[PDB]
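Inspection log for the structure reproduced underneath, given as structure tokens.
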Amino acid sequence: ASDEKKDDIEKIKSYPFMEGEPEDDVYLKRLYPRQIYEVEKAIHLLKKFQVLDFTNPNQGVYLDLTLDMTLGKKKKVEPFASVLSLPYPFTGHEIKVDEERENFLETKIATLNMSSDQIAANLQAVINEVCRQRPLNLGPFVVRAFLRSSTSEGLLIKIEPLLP
Amino acid sequence: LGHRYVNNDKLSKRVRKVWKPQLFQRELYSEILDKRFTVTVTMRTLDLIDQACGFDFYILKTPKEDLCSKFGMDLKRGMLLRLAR
Amino acid sequence: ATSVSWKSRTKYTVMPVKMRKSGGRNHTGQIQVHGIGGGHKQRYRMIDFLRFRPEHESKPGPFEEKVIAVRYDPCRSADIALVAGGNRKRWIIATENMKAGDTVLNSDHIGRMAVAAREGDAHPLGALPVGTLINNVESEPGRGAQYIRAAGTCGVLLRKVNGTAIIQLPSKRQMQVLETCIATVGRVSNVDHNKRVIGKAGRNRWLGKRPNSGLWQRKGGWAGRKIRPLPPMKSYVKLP
Amino acid sequence: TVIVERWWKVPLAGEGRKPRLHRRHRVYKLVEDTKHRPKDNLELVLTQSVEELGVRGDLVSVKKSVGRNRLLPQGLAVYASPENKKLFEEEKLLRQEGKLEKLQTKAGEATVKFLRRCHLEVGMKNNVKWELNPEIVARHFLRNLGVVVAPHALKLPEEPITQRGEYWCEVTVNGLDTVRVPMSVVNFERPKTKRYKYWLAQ
Amino acid sequence: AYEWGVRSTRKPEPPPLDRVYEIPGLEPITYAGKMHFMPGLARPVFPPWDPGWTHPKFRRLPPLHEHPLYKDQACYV
RNA sequence: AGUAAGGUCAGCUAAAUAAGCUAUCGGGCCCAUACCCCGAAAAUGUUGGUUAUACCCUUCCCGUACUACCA
RNA sequence: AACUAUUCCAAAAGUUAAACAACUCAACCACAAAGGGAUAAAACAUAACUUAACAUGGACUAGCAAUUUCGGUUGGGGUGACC
RNA sequence: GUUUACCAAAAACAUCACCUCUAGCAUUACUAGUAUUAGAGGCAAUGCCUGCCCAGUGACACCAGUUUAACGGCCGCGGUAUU
RNA sequence: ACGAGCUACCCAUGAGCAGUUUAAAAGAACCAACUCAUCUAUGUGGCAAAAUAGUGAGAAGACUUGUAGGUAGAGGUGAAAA
Ligand SMILES: [K+]
Ligand SMILES: [K+]
Ligand SMILES: [K+]
Ligand SMILES: [K+]
Ligand SMILES: [K+]
Ligand SMILES: [K+]
Ligand SMILES: [Mg+2]
Ligand SMILES: [Mg+2]
Ligand SMILES: [Mg+2]
Ligand SMILES: [Mg+2]
Ligand SMILES: [Mg+2]
Ligand SMILES: [Mg+2]
Ligand SMILES: [Mg+2]
Ligand SMILES: [Mg+2]
Ligand SMILES: [Mg+2]
Ligand SMILES: [Mg+2]
Ligand SMILES: [Mg+2]
Ligand SMILES: [Mg+2]
Ligand SMILES: [Mg+2]
Ligand SMILES: [Mg+2]
Ligand SMILES: [Mg+2]
Ligand SMILES: [Mg+2]
Ligand SMILES: [Mg+2]
Ligand SMILES: [Mg+2]
Ligand SMILES: [Mg+2]
Ligand SMILES: [Mg+2]
Ligand SMILES: [Mg+2]
Ligand SMILES: [Mg+2]
Ligand SMILES: [Mg+2]
Ligand SMILES: [Mg+2]
Ligand SMILES: [Mg+2]
Ligand SMILES: [Mg+2]
Ligand SMILES: [Mg+2]
Ligand SMILES: [Mg+2]
Ligand SMILES: [Mg+2]
Ligand SMILES: [Mg+2]
Ligand SMILES: [Mg+2]
Ligand SMILES: [Mg+2]
Ligand SMILES: [Mg+2]
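Chains as they are written, first to last, in the authors' numbering: chain Bj, 61 to 151, 240 to 312; chain BE, 87 to 171; chain BL, 61 to 300; chain BO, 53 to 254; chain Bm, 30 to 106.
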């Protein structure tokens, strides 16, 4: 494991984050850290953002996961592609890997019009699927999660409870 | 003023060494006298000023043995007479 | 014991002033520069380096002066010329062919097109033509002439870009300077000072140079023909 | 300030007597230098609101160099002495009892400053009919200007908008400061396409 | 320009005043009481010397404009 | 005198896997010679000891080399 | 070592800050663009750079220079040899 | 011309000449000067000349590299025209 | 700590070089004052802790010389004789 990417993993972990909407009704995203964590709220917000930013109801949610696919031992593990079919496939899918190996993966989850319960269930399957490559408990495998739609930005999913 | 050992080894050469404080040029404001003095101060003096929460507090709280400056004693005497009078 | 420098005169005067030799001894009294001492007694002439200097501030316009005589100055290797105008006289460095009964124009008005370059006129570098030979270069506006004053030394203007002039010093080193600095057109007088031949060891003693020491020093690594690239241009323009 | 200790031990003198000092007791060694330490921060109470720091009467742990050079000499802040803190704490009680602070939090003041000079691009797609409501307008702040806006805070001019144009939006922070920001409704563009067309070209 | 004075040859400026004179409302302690120099005591500041009775030789030269025949117009002699 | 130090095909070099070039011998090309192309032969100064030899040591022999100073 | 000169780091002073690689295969839209098939996060938990003259601490290079010695036996010492 | 005053007055040192090297510039030296200038050195007028060599060392460049009017260097063995 | 009243060099301020030969005040020439000290002989506790006698080199210059000041031992000064 190179020390350059170890610094990157330390940097992303050091990014501040806070729970809930602050006291100020209107505030800058620069001034206050990320607030949106709930998966159910995030899925509803993406559907809401579809109404706010009027587009097609069907949108492919290409989730970005800042997965810690490194720092198992002093020698880094190699990328692979584990294929596991989702319980609610969108209308076996390969798990692609970053060309730059910057510890982030872009894998489609499901369509926007799918219910939040099914999409969240697909998310839980993805979390277990990606960790199958290195299921060891020596080092954490997931650092941050960012769920973005086709016409929306990602949200910092509170993925820590869903890790086990 | 003192000596030192090169490479911090006892069996090495004995060398005369002089350590000098780093001096800075600052102008300070005193509320009692309402005048600005351009005084050669050190980083430790500024830390003591912040520790005492005031330039006037630093002069009036630190004793003679802690100040070790005739300008400081005269500065204290000027302000001490200001309060009493 | 601390000594006192002879440079105590405060008011400018054309007449020669008394001068005391040093001999390489600093104010303390120890030798600092060797091979100096025992020269012929000399008098110093007060040389006015700043070419543009009006008599009064009431009329800051350009003025024209007249050359009276060209004399020999023991201190410098060039020839100085007496110049009178208005109610004052000045000793200024004479160019290659300055003679008696001649008129010299001093000006600072930077004109757009050009100004004809005469052999004695002093004009700012912004108004001189591109291909002009200059001497008595003023490094900064109002500072005075410091560069190019030896006998036969002349610098050549190169180009004027974004209101800034670039000149070539006699050492073939480019120098950048603001175009408003005053400079003199021409070559410094006494052109054949380099071709002068000293006939005997005594003539060196008359000039004031003592003989070198007799210690035999083996040459080190510093010696030998060194080929080095020209250093970059020296610029006195302060970029904000 | 240097800190040194003697190489050779000094014999004791326990009756309040000055000990005997020898030449070998002059040999020091540098154990630590105070200028090489990672220096701390200085906490100060602000007596006037700063552009990027907190507001009038707030606690900020600013850098030590800044406090002694521009904050304290200019009167923008005062030393955070324990006696000085309670003066501001008691001062807050008077205003907040009757809701008279109107000073905003440390970030709240910066929100006003940014919104004073800002422009929002409300990108709408004409392929489907769109109606602008305060919930929609708050979305564009988060994406374009990076501003999180409460849905109730926005006060639209109450005129339904169905075509692109120029309008105004009223933004209120903490119910104390009201800011009227320019509104620019233009056709929506994909940021990947938008940045390619304009930023990459120019 | 190039002024013709030299720092060493020119008369030195007066030494800086002692720090005691800078403290408002504080009478300095000087050695003027013992009318001789003493280390550790502040240097006194004296008013300009004013001889009650004028002396011809030892007085300062009067200014040129003090002469009754002084005139603003510049005459050349 | 002492010390240093070397010998290898006819010759000069490099390796101890005794090779490379040239010379020598035989053949081809040309009117003939040389060049050139092709093929073959050829050695570890000497004695002894180095598992056994060779690069090593020893003995013999030739030749090379430095130094021989203060009074 | 000091000292002189060269270079780096630290101290000190100051300056600026919230960010870029689509391409429509279908197809909406009179345009300009659009929607489906991604438009993230992040910049760094401060960061980056400059700093005249003086000047402190810790290193690098060079100049100059400081401290101290230069074994023994030997048919006199050196040389060769020996311990 | 100069030197070991008090055992060496010289073939030694200096010297006109030639050449190399380092420096773009202000209030006490150099200098009240500014590269035809001023320092750190070598060799000795003039005349004819100053050959080859950057491997090593040193210096510069501070990287490749460049420098000997920088310190310094500037070859063996064997055969071959009657002798 | 004290010493540049001798000596090495320099900064001030002064003072000397007659005759002779040459368009010459030319680091030219003959020869005094003057300044150095080549060779030999006396002298060797001597007149002298470096001299006397004879003989010599320069003698308008990089020359002699008076007064006074400056540089001080890890240094000063030096047409290098340590
Ligand atoms: K001259
Ligand atoms: K014997
Ligand atoms: K002689
Ligand atoms: K070389
Ligand atoms: K003296
Ligand atoms: K006598
Ligand atoms: Mg001169
Ligand atoms: Mg010379
Ligand atoms: Mg010599
Ligand atoms: Mg006891
Ligand atoms: Mg240091
Ligand atoms: Mg010792
Ligand atoms: Mg020995
Ligand atoms: Mg012995
Ligand atoms: Mg013997
Ligand atoms: Mg031996
Ligand atoms: Mg002679
Ligand atoms: Mg002698
Ligand atoms: Mg003599
Ligand atoms: Mg003699
Ligand atoms: Mg020649
Ligand atoms: Mg010759
Ligand atoms: Mg010679
Ligand atoms: Mg010779
Ligand atoms: Mg040669
Ligand atoms: Mg080379
Ligand atoms: Mg004397
Ligand atoms: Mg005569
Ligand atoms: Mg003569
Ligand atoms: Mg005699
Ligand atoms: Mg005699
Ligand atoms: Mg006789
Ligand atoms: Mg004679
Ligand atoms: Mg003669
Ligand atoms: Mg003394
Ligand atoms: Mg010495
Ligand atoms: Mg001499
Ligand atoms: Mg010698
Ligand atoms: Mg000797």
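Ideal placement from N, C-alpha and C gives every residue a C-beta, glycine not left out.
Could you tell me which residues DSSP pairs with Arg232 of chain BO in its beta bridges? For this step, residue 232 of chain BO is matched to residue 180 along the fourth sequence. Bridge partners of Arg232 of chain BO: BO:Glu222.
Continuous alpha helix (DSSP H) stretch holding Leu161 of chain BE: start and end: Here residue 161 of chain BE refers to the residue found at position 75 of the second sequence. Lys156 to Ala170 is the extent of the alpha helix (DSSP H) around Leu161 of chain BE.
Going by beta carbon distance, what residues of the same chain come within less than 7 Å of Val54 of chain BO, once the five residues before and after it are set aside? By one-based count along the fourth sequence, residue 54 of chain BO stands at place 2. If we look at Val54 of chain BO and ignore the five residues flanking it on each side, its Cβ neighbours are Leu82 and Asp85.
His192 of chain BO vs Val180 of chain BO beta-carbon contact at 7 Å: By one-based count along the fourth sequence, residue 192 of chain BO stands at place 140. By one-based count along the fourth sequence, residue 180 of chain BO stands at place 128. Against a cut-off of 7 Å, the Cβ pair of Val180 of chain BO and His192 of chain BO comes out as no contact.
Three or more C-beta pairs below 8 Å linking the segment 99-114 of chain BE and the segment 96-114 of chain Bj: no
Determine the direct distance from the alpha carbon of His89 of chain BE to that of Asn121 of chain BO, and round the result to whole angstroms. Residue numbering aside, residue 121 of chain BO sits at position 69 when the fourth sequence is read from its first letter. Residue numbering aside, residue 89 of chain BE sits at position 3 when the second sequence is read from its first letter. Roughly 38 Å between the two C-alpha positions.
So, under 8 Å CB-CB, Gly246 of chain BL and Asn195 of chain BL are touching, yes? Tell me the CB distance rounded to an integer number of Å. Your numbering for residue 246 of chain BL matches position 186 in the third sequence. Your numbering for residue 195 of chain BL matches position 135 in the third sequence. Contact flag correct, Cβ pair sits at about 7 Å.
Secondary structure at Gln108 of chain BE, three-state DSSP: helix, strand or coil? Indexing the second sequence from 1 puts residue 108 of chain BE at position 22. Note: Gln108 of chain BE maps to coil in three-state DSSP.
Use the C-beta contact count for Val143 of chain BL: other C-beta atoms within 10 angstroms, 16 or more gives buried, fewer gives exposed. Within the third sequence, the letter at position 83 stands for residue 143 of chain BL. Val143 of chain BL is buried by the Cβ-count criterion.
Along the beta strand (DSSP E) that carries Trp276 of chain BL, what are the first and last residues, could you check? Stepping through the third sequence from its first residue, residue 276 of chain BL is reached at position 216. Run containing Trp276 of chain BL: none; DSSP gives neither H nor E here.
Inter-residue Cα distance where the pair is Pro120 of chain BL and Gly146 of chain BL: Here residue 120 of chain BL corresponds to residue number 60 of the third sequence, with the count starting at 1. Here residue 146 of chain BL corresponds to residue number 86 of the third sequence, with the count starting at 1. Spanning the two alpha carbons is a distance of roughly 13 Å.
Please return the same chain residues whose Cβ sits closer than 6 Å to the Cβ of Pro107 of chain BE, not counting the five positions on each side in sequence. For the purposes of this step, residue 107 of chain BE is taken as residue 21 along the second sequence, with counting starting at 1. Here the set comprises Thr128.
Can you tell me whether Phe289 of chain Bj is buried or exposed? The criterion is at least 16 other CB atoms within 10 Å of its CB, across all chains shown. For this step, residue 289 of chain Bj is matched to residue 141 along the first sequence. It counts as buried.
Below 8 Å on C-beta distance, what does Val121 of chain Bj contact in chain BO? Indexing the first sequence from 1 puts residue 121 of chain Bj at position 61. What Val121 of chain Bj touches in chain BO: nothing, since even the nearest Cβ is about 17 Å away.
Taking CB distances under 7 Å as the criterion, tell me whether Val35 of chain Bm reaches chain BL. Here residue 35 of chain Bm refers to the residue found at position 6 of the fifth sequence. Taking Cβ atoms only, chain BL reaches closer than 7 Å to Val35 of chain Bm, which makes this a yes.
In three-state DSSP terms, what is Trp251 of chain BO? Here the question's residue 251 of chain BO lines up with position 199 in the fourth sequence. Looking at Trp251 of chain BO - three-state DSSP - the assignment turns out to be helix.
Neighbour list for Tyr115 of chain BE in chain BO, Cβ cutoff strictly below 9 Å: Here residue 115 of chain BE refers to the residue found at position 29 when the second sequence is read from its first residue. Within 9 Å Cβ-Cβ: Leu124 and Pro125.
Residues that DSSP places opposite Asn239 of chain BO in a beta bridge: Against the fourth sequence, residue 239 of chain BO aligns to sequence position 187. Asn239 of chain BO pairs with BO:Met176.
What is the DSSP secondary structure of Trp266 of chain BL, reduced to helix, strand or coil? Counted from its first residue, the third sequence places residue 266 of chain BL at position 206. Note: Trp266 of chain BL maps to helix in three-state DSSP.
I'd like to check one pair, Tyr87 of chain Bj with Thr245 of chain BO: are the Cβ atoms closer than 7 Å? The residue labelled residue 245 of chain BO in the question sits at position 193 within the fourth sequence. The residue labelled residue 87 of chain Bj in the question sits at position 27 within the first sequence. Contact flag unset, no.
For the segment 134-160 of chain BE, enumerate the residues whose C-beta is nearer than 7 Å to any C-beta of chain BO, in chain order. For chain BO, the residues of the segment 134-160 of chain BE that bring a beta carbon within less than 7 Å of one of its beta carbons are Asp136, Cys139 and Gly140, in chain order.
Please classify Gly302 of chain Bj: does DSSP put it in a helix, a strand, or coil? Residue mapping note: residue 302 of chain Bj aligns to position 154 of the first sequence, counting from 1. Secondary structure of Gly302 of chain Bj (DSSP, three-state): coil.
Any C-beta of chain BE sitting closer than 7 Å to the C-beta of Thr53 of chain BO? Here the question's residue 53 of chain BO lines up with position 1 in the fourth sequence. Output row for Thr53 of chain BO: interface = yes.
Could you check if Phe110 of chain BE is buried or exposed, using at least 16 other CB atoms within 10 Å of its CB as the buried criterion? Here residue 110 of chain BE is taken as the residue at index 24 of the second sequence, counted from 1. Under this definition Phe110 of chain BE is an exposed residue.
Return the first residue and the last residue of the alpha helix (DSSP H) that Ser264 of chain Bj is part of. For the purposes of this step, residue 264 of chain Bj is taken as the residue at position 116 of the first sequence. Counting along the chain, the alpha helix (DSSP H) containing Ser264 of chain Bj begins and ends at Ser264 to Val278.
Go through its chain and collect everything with a Cβ distance to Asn136 of chain BO's Cβ below 8 Å, but skip five positions before and after it. As a working mapping, residue 136 of chain BO is identified with position 84 in the fourth sequence. Within the same chain, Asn136 of chain BO has close Cβ partners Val97 and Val130.
Could you give the distance in angstroms between the alpha-carbon of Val231 of chain BO and the alpha-carbon of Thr157 of chain BO? Your numbering for residue 231 of chain BO matches position 179 in the fourth sequence. Your numbering for residue 157 of chain BO matches position 105 in the fourth sequence. If I take the Cα positions, the gap works out to 16 Å.
Let me check one thing: in DSSP terms, what residues is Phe123 of chain BE bridge-paired to? Along the second sequence, one-based indexing puts residue 123 of chain BE at 37. BE:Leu114.
What residue range does the beta strand (DSSP E) around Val245 of chain BL cover? Sequence index remark: in the third sequence, residue 245 of chain BL carries index 185 (1-based). Per DSSP, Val245 of chain BL belongs to the beta strand (DSSP E) from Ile242 to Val245.
Completely contained alpha helix (DSSP H) runs for the segment 150-218 of chain BL, where each covers 4 or more residues: none
So what's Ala190 of chain BO in DSSP terms, helix, strand or just coil? Indexing the fourth sequence from 1 puts residue 190 of chain BO at position 138. In this structure, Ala190 of chain BO counts as helix in the three-state DSSP scheme.
So if DSSP puts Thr73 of chain BL in a beta bridge, which residue, or which two residues, is it bridged to? As a first step, residue 73 of chain BL is located in the third sequence; it is residue number 13 there, counting from the start. Answer is none; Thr73 of chain BL lacks a bridge partner.
Range covered by the beta strand (DSSP E) that runs through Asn136 of chain BO: In the fourth sequence, residue 136 of chain BO corresponds to position 84, counting from 1. Careful: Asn136 of chain BO lies outside any beta strand (DSSP E), inside the alpha helix (DSSP H) at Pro134 to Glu149.
Mind checking which residues open and close the alpha helix (DSSP H) that includes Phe123 of chain BL? Counting from 1 along the third sequence, the entry for residue 123 of chain BL is found at position 63. From DSSP, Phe123 of chain BL is part of no alpha helix (DSSP H) but of the beta strand (DSSP E) over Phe123 to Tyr132.
Could you work out which residues of chain Bj lie near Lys177 of chain BO, taking near to mean beta carbons separated by less than 8 Å? For the purposes of this step, residue 177 of chain BO is identified with residue 125 of the fourth sequence, where counting begins at 1. Per Cβ cutoff of 8 Å: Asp113, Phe114 and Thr115.
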